[PDB]
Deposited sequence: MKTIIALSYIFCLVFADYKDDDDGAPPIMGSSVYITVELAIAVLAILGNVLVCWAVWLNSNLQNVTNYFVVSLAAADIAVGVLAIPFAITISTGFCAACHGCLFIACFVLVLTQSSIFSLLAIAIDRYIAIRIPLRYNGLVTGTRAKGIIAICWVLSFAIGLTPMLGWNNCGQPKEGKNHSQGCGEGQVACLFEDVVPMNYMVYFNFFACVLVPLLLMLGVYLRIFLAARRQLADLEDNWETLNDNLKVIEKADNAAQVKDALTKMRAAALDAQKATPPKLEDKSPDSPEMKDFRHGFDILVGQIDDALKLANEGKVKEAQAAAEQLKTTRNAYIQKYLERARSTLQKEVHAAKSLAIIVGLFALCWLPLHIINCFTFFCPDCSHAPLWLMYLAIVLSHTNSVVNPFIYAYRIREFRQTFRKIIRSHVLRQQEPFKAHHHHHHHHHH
C-alpha cells in the first residue's frame, strides 16, 4: 500500500513553481532598477546584478530541472548528471559574487583614496566573466568522471524499465557523496563563507578604529585648549599647542567641497603657528589670546568636517551590515542540505533522512533566490525608491 506518490509530488511541484515565479519577478526588478538609475550603476552593484542573474536562472532552469529529477526518469547518465549538477554552477556563481562584494567594501573602507583607480568597471566585468567560467568548471566536475555512472543501480534500472546505457535519474545514485561533502561543501562553500565572515569582521573593525581616531583627535584639540587657558607659563602653552598641531595634521590627513575643507584646516594650522611663534618669544598672554581664536575656527569648520566624516563612516557600516545579512540568509538556506549530506556520508549506521525532509531542504535552498530583492527594498533607500518608481509607472 502507501499513499499514492502523486499526492505528495503535487504539493512539492506546486511549491517549486510558486518559488520560481517569485524568484524571476523580484530579481528582474533588481536588474531593471540598476539599468534605470545611474546612482545604482557602480562596481558593487555589478556583482549584485550577477547574483540576481544567477537567481533568475534558478527560477527558469534549476527549478524545472529539480522537478524533472524528482521523477527518477530514465536518462543517459551524463544527461542525468547535467540536470543534477547545473544548480551547483548557479550556487557557486552566487558564492563568488558574495565574496567579491565583501572584498569590494573592504577595499572601499581601507583605502578609499585608491578605490576608484583600483576597482574599475572594466576590471569588475572581467572578474565576473572569470567567476562564471570557474563556476561551470566547479559545479560540473562530476561530468569529468567523478560520478557513479560506472556503478548503476541495476534493480532500480530494471524496475523502471530503462534502456541500454540509461539510469534511473536520481541525485544520490549518480552524484558521489564524497564529491558533495569534501569538494562542494567543505572546499567550495564552507571555506568561502568563513573567508567572507573574516572580511566583514575586518570591515567593522576598520570602521570602529577610524571613528575612534576621529574622536581622539577631536578631544585632543579641545582638552589642549583647556590646558592653554589654565596655563601659567609659556612652555606649558608651547607644549599644548604642539599637541594640537599634530592632532590637526592627523585630522586633515584623515578627512569642490575639499577646497573649502583645506581652508578650514589652513586657518586652524596657521592660527596654531601664530600662537606658537608668540610662545617661543615668551608672550604667554598674547599666546593665550591668540589661542582663543581657534575656538571660532573649530566651530566654523572643524566640527562640520568631523560630523561629515562620522556620518560617512556610519553609512558604510549600515551598508556593510545590509550586505552581510544577504550572506547570512544564503548560509541559513543552504546549510541544512549540506548538513543532511554529512549525516548520509559520515553516519552509515544512521537511517537516511526521510524523503519529506529532503524535499523540504531542497525547497528551502530554492527560496534563497526570492529573498535578496526584499533585503534591498527594506535596507537600501536607493533601491527602494527606484522599485517604487518602476512599479508606479510600469505596473500601475
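J.: Hey, which stretches of the deposited sequence didn't make it into the model?
T.: Model skips 1-22, 278-288, 430-447 of the deposited chain.
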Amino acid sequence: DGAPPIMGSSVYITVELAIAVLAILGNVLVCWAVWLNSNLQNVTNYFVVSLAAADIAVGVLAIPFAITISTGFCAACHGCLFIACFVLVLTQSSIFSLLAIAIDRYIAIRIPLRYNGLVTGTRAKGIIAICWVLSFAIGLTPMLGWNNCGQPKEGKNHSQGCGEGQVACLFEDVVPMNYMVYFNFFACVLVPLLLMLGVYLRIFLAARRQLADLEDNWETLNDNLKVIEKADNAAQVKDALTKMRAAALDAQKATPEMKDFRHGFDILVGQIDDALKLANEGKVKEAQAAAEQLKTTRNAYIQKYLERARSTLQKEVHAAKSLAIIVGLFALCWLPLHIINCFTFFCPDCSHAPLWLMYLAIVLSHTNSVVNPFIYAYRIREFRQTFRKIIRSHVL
From here on, numbers count along this sequence of modelled residues.
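J.: Do at least a third of the other compared PDB entries leave residue 282 without coordinates?
T.: No, modelled in all of them.
J.: Among the other PDB entries compared that flank it on both sides, is residue 257 unmodelled in a third or more?
T.: Across the other compared entries, residue 257 is absent from at least a third.
J.: Can you tell me whether 182-190 has a higher mean C-alpha B factor than 211-219 in this record, or the other way round?
T.: Going by the record's values, the stretch with the higher mean is 211-219.
J.: Mean CA temperature factor from the deposited coordinates, higher in 17-25 or in 378-386?
T.: Per the PDB entry, the higher value belongs to 378-386.
J.: Between 133, 76, 225, 320, which carries the biggest CA temperature factor in the record?
T.: Most elevated C-alpha B-factor of the set, per the entry: 225.
J.: Quick one: which of 157, 120, 148, 299 shows the highest Cα temperature factor in the PDB entry?
T.: That would be 299, according to the entry.
J.: In terms of the chain's CA B-factor thirds, is residue 128 lowest, middle or highest?
T.: As the PDB entry reports it, the C-alpha B-factor of residue 128 lands in the middle third of its chain.
J.: Quick check for you: using the entry's CA B-factors within this chain, is residue 107 in the lowest, middle or highest third?
T.: Within its chain, residue 107 is a middle-third residue by C-alpha B-factor, going by the deposited values.
J.: Classify residue 314 as lowest, middle or highest third according to the C-alpha B-factor given in the PDB entry, relative to its own chain.
T.: Middle third by C-alpha B-factor.
J.: Is the Cα B-factor recorded for residue 139 in the lowest, middle or highest third of its chain?
T.: Tercile = lowest for this residue's CA B-factor.
J.: Place residue 82 in the lowest, middle or highest third of its chain's C-alpha B-factors, as listed in the PDB entry.
T.: Its C-alpha B-factor, which the entry lists for residue 82, ranks in the lowest third among residues of this chain.
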